[PDB]
There are 2 protein chains.
Amino acid sequence: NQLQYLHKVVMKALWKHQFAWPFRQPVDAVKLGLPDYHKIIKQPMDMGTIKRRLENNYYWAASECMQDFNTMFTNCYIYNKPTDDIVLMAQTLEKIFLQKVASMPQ
Amino acid sequence: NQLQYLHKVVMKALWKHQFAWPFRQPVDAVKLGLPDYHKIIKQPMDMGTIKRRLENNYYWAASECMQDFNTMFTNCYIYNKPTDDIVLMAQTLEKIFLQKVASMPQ
Ligand SMILES: CC(=O)Nc1ccc(O)cc1
Ligand SMILES: CC(=O)Nc1ccc(O)cc1
């Protein structure tokens, strides 16, 4: 029920959120012109990957899925400048993620 | 039971962790020589404040306490350089926080 909740409640709300768009696919450092991205970011993560993983029964515990969300947001905070819009977008999304996690079943 | 779990399980493990020390008290931008800290960081947070809040029944829901932890970690990622040791310290602590949150009661 935990993973089903993360898929059907948490990911459903985040995926369609207006600020989701920069996070729905992996960062393409070449297309985005970010030559140092993978020098700085050790473990890339995005909602597209998390969504596919939920759909495919990839996770064993809710904790792993939660860690993936955390990694995605943290990468954003670490790589980007504090004043970048994407940082505010991540913050908004992460607050919702945490709120929903707080109501997750045991 | 949620808030009691965050206090007696989550905060107990984080407080005494070896990487806790930079997070046990508010960032003193004057003493640490960080003149731009409060220009960049809008909502300061630390484990000392969270611990006092848990002790004093400040929180209404686990979500608020969780948000405070998140804010503390996010501030760290946003303000500091990616290669700073404190960033790795925050990451380690946040992973533990999330792991414990995953086993929190409803
Ligand atoms: C998730 C993330 O950091 N995305 C991202 C970063 C910089 C940029 O210029 C475009 C997109
Ligand atoms: C929580 C935090 O960012 N602390 C912190 C940042 C920079 C520094 O030089 C010393 C401490």
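Order of listing sets the numbers, starting from 1, for every ligand and every atom in it. All values below were derived from every heavy atom in this structure, side-chain atoms included, with hydrogens, water molecules and symmetry-related copies excluded. Below, chains carry the letters A, B, ... as their sequence lines are ordered, and counting in each starts from 1.
Using a 30° and 60° split on the angle between ring planes, A:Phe19 and A:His17 fall in the tilted class, from 30° to 60°.
Nearest to atom 11 (C) of ligand 1 among the protein's heavy atoms is A:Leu32 CD1, 3.7 Å. Looking from atom 1 (C) of ligand 1 to the surrounding protein, the closest heavy atom is A:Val27 CG2, 3.6 Å. Among all non-hydrogen protein atoms, the one lying nearest atom 9 (O) of ligand 2 is B:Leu34 CD2, 4.0 Å. Closest to atom 7 (C) of ligand 2 among all protein heavy atoms lies B:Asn80 OD1, 3.2 Å.
At least one side-chain heavy atom of A:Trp21 sits under 4.5 Å from a side-chain heavy atom of A:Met89. Counting only heavy atoms from C-beta outward, the side chains of B:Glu94 and B:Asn70 approach each other to under 4.5 Å.
Linking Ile, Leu, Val, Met, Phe, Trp and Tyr whenever their side-chain heavy atoms come within less than 4.5 Å leaves B:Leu88 and B:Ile86 in two separate clusters.
With A:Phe97 as reference, A:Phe69 is the one residue of A:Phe23, A:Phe69, A:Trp15 to meet the ring-ring contact (aromatic ring centres under 6.0 Å, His included) rule.
Counting only non-hydrogen atoms, the option in A:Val87, A:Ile86, A:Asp28 that gets closest to atom 2 (C) of ligand 1 is A:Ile86.
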